[PDB]
Amino acid sequence: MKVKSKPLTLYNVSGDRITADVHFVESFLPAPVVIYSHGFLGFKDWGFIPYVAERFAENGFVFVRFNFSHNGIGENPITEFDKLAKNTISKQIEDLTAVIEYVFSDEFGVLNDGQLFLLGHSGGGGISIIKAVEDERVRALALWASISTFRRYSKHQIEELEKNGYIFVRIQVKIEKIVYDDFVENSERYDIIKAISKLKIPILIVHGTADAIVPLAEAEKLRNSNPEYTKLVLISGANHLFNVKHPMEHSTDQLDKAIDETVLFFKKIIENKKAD
């Protein structure tokens, strides 16, 4: 079977340009749409994202990946450090909103069944939970190593932010104060734990037991806030990136379990809708 890959250029309401791709296998259409969101420090063409896109397409999904309008990608698919420094949670949400609206627009030329499922990794999981609350057209959510709070900054980092106007985060990237200001001035709207408790759609929480970036405790906090609609799946010995190396030359047991658990979870939702 041939996995087709098509480039998309879309804009958010501020006119910020978003570059995206859609992977699909024609023989599976009409199929559900899966929008994948990565964290602040991630890129659609890096790590396991291309392989994940290929696998979801091979499993009967219309998989969309995108880069944030302010994630620094300008000419090479980092050349825009001014914009990356100002990639607030509000801009990331605005970008995800434009991708969802592009998929639901007449401009999306990929024959689908109208079902929108979100998949978020790390920071992208947080952005996906907020978005799922804001838009009831998201009928299922899967989270891979997702954060449980946007309040990631330490006592020290916040202190340098208020003194210098920016901080560096590891290859160091400058994050301007506006990113912290945007979370704090919108902490209720962006309260991940509160948002996930409001959801009434199936939620899959995939997390590794050897994850040192976002501990297993955070995955259990997400599950604890909505025990009715969530399912917690533990990947034994998996780190924050499902044990994949960079450059990615092959997949791991860990990443294949996350993909299969997600595919089956999404597939049971489609099958249950047909049963009604």
# chains A, B, ... in the order shown; residues from 1 in each chain; ligands from 1
$ closest_atom_pairs --of "range 142-215 of chain A" --to "range 227-231 of chain A" --cutoff "8 Å" --atoms "only C-alpha atoms" --output "Markdown table"
| residue | atom | partner | partner_atom | distance |
| --- | --- | --- | --- | --- |
| A:199 | CA | A:229 | CA | 7.5 |
| A:200 | CA | A:229 | CA | 6.3 |
| A:201 | CA | A:229 | CA | 6.3 |
| A:202 | CA | A:229 | CA | 5.2 |
| A:203 | CA | A:230 | CA | 4.5 |
| A:204 | CA | A:231 | CA | 5.1 |
| A:205 | CA | A:231 | CA | 6.0 |
$ write_last_selection --atoms "C-alpha atoms" --output "PDB file, in the first residue's frame"
ATOM      1  CA  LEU A 199     -13.982  16.315  29.410  1.00  0.00           C
ATOM      2  CA  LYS A 200     -16.688  13.753  28.558  1.00  0.00           C
ATOM      3  CA  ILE A 201     -14.884  12.012  25.635  1.00  0.00           C
ATOM      4  CA  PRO A 202     -12.614   8.936  25.762  1.00  0.00           C
ATOM      5  CA  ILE A 203      -9.055   9.842  26.906  1.00  0.00           C
ATOM      6  CA  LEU A 204      -6.014   7.553  26.538  1.00  0.00           C
ATOM      7  CA  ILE A 205      -3.018   8.352  28.776  1.00  0.00           C
TER       8      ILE A 205
END
$ residues_around --residues "residue 217 in chain A" --least-positions-apart "4" --cutoff "10 Å" --atoms "only C-alpha atoms" --output "PyMOL selection string"
chain A and resi 148+207+209+221-223
$ write_last_selection --atoms "N, CA, C and O atoms" --output "CSV table (one decimal), in the first residue's frame"
chain,number,residue,atom,x,y,z
A,148,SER,N,1.0,17.5,33.0
A,148,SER,CA,-0.2,17.7,33.8
A,148,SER,C,-0.4,19.2,34.2
A,148,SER,O,-1.5,19.6,34.7
A,207,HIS,N,2.0,6.5,29.0
A,207,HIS,CA,3.2,7.1,29.7
A,207,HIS,C,4.2,6.0,30.0
A,207,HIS,O,3.8,4.8,30.2
A,209,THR,N,7.3,4.3,32.3
A,209,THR,CA,7.7,4.2,33.7
A,209,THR,C,9.1,4.7,34.0
A,209,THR,O,9.5,4.9,35.2
A,221,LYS,N,-1.8,11.9,37.9
A,221,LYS,CA,-2.6,13.1,38.2
A,221,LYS,C,-3.7,13.4,37.1
A,221,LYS,O,-4.8,13.7,37.5
A,222,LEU,N,-3.3,13.2,35.9
A,222,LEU,CA,-4.2,13.4,34.7
A,222,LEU,C,-5.4,12.4,34.8
A,222,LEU,O,-6.5,12.8,34.6
A,223,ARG,N,-5.0,11.2,35.1
A,223,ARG,CA,-6.0,10.1,35.2
A,223,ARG,C,-6.9,10.3,36.4
A,223,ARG,O,-8.1,10.1,36.3
$ closest_residue --among "A:177, A:65, A:245, A:121" --to "residue 33 in chain A" --atoms "only C-alpha atoms"
A:65
$ select_by_dssp --residues "range 69-273 of chain A" --states "strand (DSSP E or B)" --output "ChimeraX atom specification"
/A:112-121,138-144,166-169,173-176,203-208,230-235
$ atom_distance --atom1 "CA of residue 247 in chain A" --atom2 "CA of residue 88 in chain A"
27.9 Å
$ atom_distance --atom1 "CA of residue 156 in chain A" --atom2 "CA of residue 84 in chain A"
21.4 Å
